[PDB]
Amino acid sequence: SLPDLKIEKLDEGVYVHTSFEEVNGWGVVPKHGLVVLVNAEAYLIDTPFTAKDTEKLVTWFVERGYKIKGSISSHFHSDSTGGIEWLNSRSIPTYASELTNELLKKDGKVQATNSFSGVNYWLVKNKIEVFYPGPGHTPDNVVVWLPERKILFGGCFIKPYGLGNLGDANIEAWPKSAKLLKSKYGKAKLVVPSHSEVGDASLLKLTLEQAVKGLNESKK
């Protein structure tokens, strides 16, 4: 009885997709990703949890005359990679970093068909940039930058109100990673976190503070 997949326009050529899962203890949790338009083509930034919602998402944009050109997953957790199986099965190119695919493989999960590495990677030159700030929420977490709109998708790295699930986190590295991110994208107009409302560049500073706070609490 989960809430329906939601698709809402955020800016010119940029949509937020929201899907939901049950997390025992915290109840239903919304997960935000993006869909970015490049001319008459669409790129998924993270996938929904399920094949079903991934298909609904894909069909929504196909039906509006956009070809799905690919998806990129910001980290290996299922809230970013849930639709990779379905997308691969439809021969839609999927993208994840080398680290992410290696974590998927280790966990017995289907991998993205295309991978990349390095600090900066242009999924679409001058339109969609993937940035690796270093380990934080997970060892592999990346963010996605849309220069034309100055929109940053933070995935699960951006945690302005609390760090959340620490199971796969690197609390020792997160502050340095968050410092690097804030310096890189301080001119962001909009910052889009995975589990809360859209904000501005202040979310970068808040994340840094939470990360610093988390590390201090771990050492005491």
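Quick note: we count residues from 1 along the sequence shown, nothing fancier.
S.K.: Is the mean CA B factor in the deposited entry higher across 74-82 or across 143-151?
M.R.: 143-151 has the higher mean C-alpha B-factor.
S.K.: On mean C-alpha B-factor from the PDB entry, just flag whether 36-44 or 60-68 is the higher one.
M.R.: Taking the mean B-factor of the alpha carbons in each, 60-68 is higher.
S.K.: So if I compare the CA B-factors in the entry for 189, 179, 159, 31, which one is the largest?
M.R.: By C-alpha B-factor in the record, 189 ranks first.
S.K.: Quick one: classify residue 94 as lowest, middle or highest third of the chain based on its Cα B-factor.
M.R.: It falls in the bottom third of the chain.
S.K.: Once the chain's modelled residues are ordered by C-alpha B factor and cut into thirds, is residue 165 in the lowest, middle or highest one?
M.R.: Tercile = highest for this residue's CA B-factor.
S.K.: If you rank every modelled residue in this chain by C-alpha B factor, which third holds residue 54: lowest, middle or highest?
M.R.: It belongs to the lowest third of the chain when residues are ordered by C-alpha B-factor.
S.K.: Taking the chain's C-alpha temperature factors as the reference, tell me which third residue 196 falls into: lowest, middle or highest.
M.R.: Residue 196: CA B-factor falls in the highest third of its chain.
S.K.: If you rank every modelled residue in this chain by C-alpha B factor, which third holds residue 106: lowest, middle or highest?
M.R.: Highest third, going by the recorded CA B-factors of the chain.
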